[PDB]
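Take a look at this single chain, the form solved without this ligand, given in structure tokens.
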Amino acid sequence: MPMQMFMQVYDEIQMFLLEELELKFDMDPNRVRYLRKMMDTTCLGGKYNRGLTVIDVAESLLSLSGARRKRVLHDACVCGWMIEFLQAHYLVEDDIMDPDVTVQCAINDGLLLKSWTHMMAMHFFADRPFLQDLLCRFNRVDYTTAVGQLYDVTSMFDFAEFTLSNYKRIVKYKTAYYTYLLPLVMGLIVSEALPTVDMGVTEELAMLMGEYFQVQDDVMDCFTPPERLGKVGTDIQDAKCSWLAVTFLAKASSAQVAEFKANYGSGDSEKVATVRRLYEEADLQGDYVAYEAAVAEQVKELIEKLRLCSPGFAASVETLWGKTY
């Protein structure tokens, strides 16, 4: 039911946005169909874990606190699509990074996808008392994410920043806040229950889940093959400040560090392979198991602190964690 409800509200949001363009912004049918196709291409096709998480938090807080129900779940669906459209926006922005009208249109797509998050909120939440608080928390997480993208893209310039604490700074802002913290906060908002929860425990939980996810993503990027990973992992070539790189640098001998530094961030096939050889021979996949296991323990423990005062909310934080773990 949640997915069928989420997709039903997608059709409703898309029709509002596109009829708004036609009726209030003078848009011609060719461009409306063009934007409908762009929207479907960029916003549909994933798993919707960010958006479905908003729905789950909302249902938990109404079962464990009926026209208020119908309204809360619909509000939750619109907030879910706000996050999915934000994610679509970041993805387009990444694609541009890696009189040309196609690049012009990609930039425009990125502007439109972000503006659509505002446009759907201003329409569907027009009369809600939380519209202003919703816009502010959404904008702040969006800002946070751009800051984290800056931390990430500039991490190899300014290996001094190849440390675990800076790796965690990148994860926190680039990934954790909009993937884990934002869906949770948005469900609390539509449920009018934000003040009822320990936000420190909640923020701590989102950072930890985001870290668990990113370490795993980093290790798969290097070790999971493309037919199994679904893409070509290029972190070594891109000289990412990845979990593997900062962990290797701490346990490598000095000549190994020199070998790492001479070969990292190159597209050359054997320099990339020399890096994977170093990672393997330093048993980083062994280190990965224990590192994740310990993050998991801290996650489990913190959910219980949350549950003492917010049992319903904690149950949905538990559901979101299961999807990652």
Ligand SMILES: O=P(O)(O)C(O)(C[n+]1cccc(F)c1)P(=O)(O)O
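Rigid core here is just the name for the largest C-alpha set that superposes within 1.5 Å across the two forms. Counting begins at 1, following the sequence as shown.
Unshown form deposited with this ligand bound; subsequent notes refer to it.
Looking in the bound PDB entry, is this ligand within 4.5 angstroms of a heavy atom from every one of 174, 214 and 217? Spot residues vs this ligand: full contact, yes.
May I ask you to choose, among 131, 164, 249, 91, the residue with a heavy atom within 4.5 Å of this ligand in the bound PDB entry? So the residue touching this ligand in the bound PDB entry, by this definition, is 91.
4.5 Å heavy atom contact, residue 98 and this ligand in the bound PDB entry: So residue 98 counts as contacting this ligand.
In the bound PDB entry, does residue 124 have a heavy atom within 4.5 Å of this ligand? Judged by the heavy-atom cut-off of 4.5 Å, residue 124 is well away from this ligand in the bound PDB entry.
Quick check on residue 196: any heavy atom within 4.5 Å of this ligand in the bound PDB entry? Heavy-atom contact with this ligand at 4.5 Å: absent for residue 196.
Exercise: residue 149 in contact with this ligand in the bound PDB entry, heavy atom 4.5 Å: Yes, residue 149 lies within 4.5 Å of this ligand in the bound PDB entry.
Residues within 4.5 Å of this ligand in the bound PDB entry, restricted to 234-252 and counted by heavy atom: Contacting residue: only 235.
Which of these moves by 2 angstroms or more at the C-alpha between the shown form and the other one, core superposed: 135, 220, 119, 106? Of all the options, the C-alpha that shifts by at least 2 Å belongs to 220.
Flag for residue 48, CA shift 2 Å or larger between the shown form and the other one after aligning core: Comparing the forms between the shown form and the other one, which are aligned on their rigid core, residue 48 does not shift its C-alpha by 2 Å or more.
Does the C-alpha of residue 257 move 2 Å or more between the shown form and the other one once the rigid core is lined up? True for residue 257: a C-alpha shift of 2 Å or more.
Take the rigid core as the frame of reference and indicate whether the C-alpha of residue 71 shifts by 2 Å or more between the shown form and the other one. Comparing forms between the shown form and the other one, the residue 71 CA shifts below 2 Å.
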